[PDB]
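Shown below, as structure tokens, is a lone chain in the form deposited in one PDB entry; questions about how it binds or moves come after it.
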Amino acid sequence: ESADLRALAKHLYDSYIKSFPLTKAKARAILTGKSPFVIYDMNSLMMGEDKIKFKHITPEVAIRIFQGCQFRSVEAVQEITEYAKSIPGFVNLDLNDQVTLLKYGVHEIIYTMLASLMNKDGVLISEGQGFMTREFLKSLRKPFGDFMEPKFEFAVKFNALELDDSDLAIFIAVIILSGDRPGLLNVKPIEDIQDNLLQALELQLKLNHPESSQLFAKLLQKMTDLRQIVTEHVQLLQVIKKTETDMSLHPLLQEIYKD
């Protein structure tokens, strides 16, 4: 029923508004038209640490930036976890499956929502008070210099689809309820829910983007690009964790950012 699909869409939208403080609408306002403090080079970074109250700085710069990304990532996990619970049927799932879905889903969602905070020039940080430039991020040591660059490449393509929060809310739900995650015990109710969400996304896009032919298909294809980015991120993150990170980190901190 159309009405029920529209109902699901509104429920998801409202839940997303509650779960995610910095929405695409808000991000887009900051980027185009207070105003963000820009970090373009070394001197601006250090000044940025004075002006902005970073929560991650624990008395090299490349590591400090990376830890900042880790801090935010861990915050995002909790926002996503809360959003998941609002999705009709999620909480009724086997508890191991819930964990499994979030375990493998959060990375894809992080980069989807990061795209909201990005343009081709840089990324909003610290609740949109900051803006770290893309160029500045590129010009870091060989490990960390290629960290965020494939996220920007993804974001530029993704943002060209010009989705809104109401679209993204349904898209994110679809990602979470993916029946193909390893270790799942009961795929039936997972795919039944995703079916329902996919139907709602379809209608949402048709109503919200009537001129954009096969936006649905295009959005589904981007999910493939997300999984590609995530596999590439993870393998890079193994080098980092093993090589340079666990050398400079406190044991407890390693536990928090164990991933």
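Take the two forms, superpose them, and find the largest set of C-alpha atoms that agree within 1.5 Å; that set is the rigid core. Residues that one form lacks are left out of the comparison. The numbering used is simple: start at 1 and walk along the sequence shown.
Although not depicted, the form solved in complex with a partner chain is the subject of the following passage.
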Contact test in the deposited bound form: residue 102 vs its partner chain, heavy atoms, 4.5 Å: yes
So in the deposited bound form, does any heavy atom of residue 85 sit within 4.5 Å of its partner chain? yes
Practice item. Find out whether any non-hydrogen atom of residue 98 is located within 4.5 angstroms of its partner chain in the deposited bound form, and reply yes or no. Key: yes
Can you tell me if residue 81 lies within 4.5 angstroms of its partner chain in the deposited bound form, counting non-hydrogen atoms only? yes
Only one of 70-78, 162-170, 112-120, 131-139 has residues with a heavy atom within 4.5 Å of its partner chain in the deposited bound form, and that stretch is 70-78
task = Align both forms on the core first, then report whether residue 248 has a C-alpha shift of 2 Å or more between the shown form and the other one.
result = yes
Cα of residue 253 vs residue 20, shift of 3 Å or more in the deposited bound form, relative to this form: the pair sits closer
Relative to the shown structure, Cα residue 246 and Cα residue 103 in the deposited bound form (3 Å or more change) are farther
In terms of 2 Å or greater CA shifts after rigid core superposition, the runs of three or more consecutive residues between the shown form and the other one are 53-57, 245-259
